[PDB]
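Participant: 3D, please:
(chains A and B, ligands or ions: 4)
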Amino acid sequence: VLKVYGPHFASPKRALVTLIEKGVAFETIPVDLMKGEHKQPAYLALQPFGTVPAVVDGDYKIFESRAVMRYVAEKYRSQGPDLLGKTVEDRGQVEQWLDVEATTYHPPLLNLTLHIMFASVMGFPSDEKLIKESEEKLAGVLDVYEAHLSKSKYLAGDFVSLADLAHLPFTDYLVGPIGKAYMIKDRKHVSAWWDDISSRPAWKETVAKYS
Amino acid sequence: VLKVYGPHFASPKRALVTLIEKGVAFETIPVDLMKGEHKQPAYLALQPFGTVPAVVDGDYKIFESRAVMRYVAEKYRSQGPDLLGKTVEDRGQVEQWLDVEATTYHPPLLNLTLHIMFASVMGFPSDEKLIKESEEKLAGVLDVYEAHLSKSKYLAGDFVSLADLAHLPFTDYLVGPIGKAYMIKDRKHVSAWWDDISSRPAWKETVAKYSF
Ligand SMILES: N[C@@H](CCC(=O)N[C@@H](CSO)C(=O)NCC(=O)O)C(=O)O
Ligand SMILES: N[C@@H](CCC(=O)N[C@@H](CS)C(=O)NCC(=O)O)C(=O)O
Ligand SMILES: [Br-]
Ligand SMILES: [Br-]
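Facilitator: Residues are numbered from 1 along each chain as shown, chains lettered A, B, ... in the order given. Ligands and ions are numbered 1, 2, ... in the order given. There you are, the coordinates:
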């Protein structure tokens, strides 16, 4: 059976929600950051960068949360919703917004996450200028989304996909523990899109089980 | 008919080398980054984040360099080398190392690119601490690569793929204009791997046509 490392962190939830959307069986295995488990040889043999998630599916090993998403959506393509779209062009749009999430959307949001949610618990001083910069930067990204989502129901078109799902875990933080829900709520089309994808049963189940 | 925007810059070269590898016919359209062409209404209708590349293919538009790679490799899958691998498991490994390049390899290398090659665009005084941090970070990533590449000929297995090619444009800066070639040279397997992918005819052609 397929196994996922680190379900309680945000990044692996990109993979968990995809597994649940596709109706795939899996088990999860915790990783104790506090005891440095992710920096010890056993976990490094799965994920050599020492970050989560890591996924082992029988003889097969794969890491990077969005790579895992793609692997699952391709392998189990014919069940559940098609999170890759139907055509090469559809899939191109999914990949495009998957890469926007990885390279443009996530990095400032990760900064807000580290400095607002884990400054205290990890023992880092909260970087107040970086917080202001990261928010301004994320707000510009969200303005682009707002325009796009007024002409398109989901990021890659009229169908929900991996690109939408990739936004769930850290945006859950943004509207929650990070305390900046207004960044989503104040943008009509972004806000309705968030209401849509974040109330899907697969995401609700992920959150009930792995928060 | 397929058109690539901003060929003289590094990120678009990811798309070009994939196009050339696949033997696809294309044209290029210059974008003047210095005068802010990429931040004006004409280019923003193509790429709403105002960066290059953007690709227009008949009725179809797509941006993000690695998405363009995936799109080209899939649309033309049945010609040239298969840069996506053969199986779902192979493609999984390609996607893994493509995402390592996007999220782990590239960010510190981009910081080195900006702050050393384009110092004036980042402003003065030069951020020497961020430069030192970026080099340390990239060196850590390169150590993982060295270990991995001692057990695997290319990143995703025994076949060259998008994941390897995605490394060409900025690593070319690293060993050249950035002036930190030892980061590759001092790592035996990384160095031999680099010698291999950067001597491919498609990469040689990309560089011959689109540098200045
Ligand atoms: N968004 C960031 C980095 C992207 C960038 O500009 N990259 C290079 C092109 S790499 O081949 C660049 O600075 N070009 C500027 C120029 O030549 O005018 C910034 O500019 O502040
Ligand atoms: N994630 C994007 C990044 C593209 C990118 O940053 N391109 C650079 C040139 S290499 C650019 O357009 N810089 C202009 C700017 O950001 O102002 C991709 O890979 O396509
Ligand atoms: Br965990
Ligand atoms: Br150009």
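Participant: Just the strands from chain A, written as ranges.
Facilitator: Here chain A has its strands, by DSSP state E, at A:2-5, A:26-29, A:54-57, A:60-63.
Participant: okay, those strands in TSV with mean neighbour count and distance to residue A:169 next?
Facilitator: (C-beta placed from N, C-alpha, C; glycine too.) Listed next are the strands of chain A as TSV, based on neighbours: other CB atoms under 10 Å in any protein chain shown; distance: least, CB to CB, whole Å:
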stretch	mean neighbour count	distance to residue A:169
strand A:2-5	20	13
strand A:26-29	14	14
strand A:54-57	22	16
strand A:60-63	19	16
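Participant: Could I get those strands in a markdown table, plus columns for distance to residue B:31?
Facilitator: Shown next, in a markdown table, are the strands of chain A (distance: least, CB to CB, whole Å):
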| stretch | distance to residue B:31 |
| --- | --- |
| strand A:2-5 | 42 |
| strand A:26-29 | 44 |
| strand A:54-57 | 39 |
| strand A:60-63 | 35 |
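Participant: Just list the residues touching residue A:39, thanks.
Facilitator: residue A:50 (CB atoms under 8 Å, 6 or more residues apart in numbering or on different chains).
Participant: Return the set of buried residues in stretch A:186-194.
Facilitator: By neighbour count, with 16 or more other CB atoms under 10 Å in any protein chain shown as the criterion, the buried positions of stretch A:186-194 are A:187, A:189, A:190, A:191, A:193, A:194.
Participant: typo on my end, stretch A:135-142
Facilitator: Here stretch A:135-142 shows A:135, A:137, A:138, A:141, A:142 as buried, counting by 16+ other CB under 10 Å.
Participant: same thing with stretch A:15-25?
Facilitator: Buried residues in stretch A:15-25 (16+ other CB under 10 Å): A:15, A:16, A:17, A:18, A:19, A:20, A:21, A:22, A:24.
Participant: so who does the fifth one touch?
Facilitator: Translated: residue A:19. Contacts of residue A:19 (CB under 8 Å, 6+ apart): A:2, A:4, A:26, A:72.
Participant: Pretty sure residue A:25 is one of the things the last one touches, is it not?
Facilitator: Read that as residue A:72. No - with contact defined as CB atoms under 8 Å, residue A:72 does not reach residue A:25; the gap is 11.6 Å.
Participant: Domains of chain A: list them as residue ranges, please.
Facilitator: Per curated CATH domains, the structural domains of chain A span A:1-84, A:85-207.
Participant: For ligand 3, find the nearest of those.
Facilitator: With CB to the ion as the criterion, ligand 3 lies closest to domain A:1-84 of the domains of chain A, at 3.5 Å.
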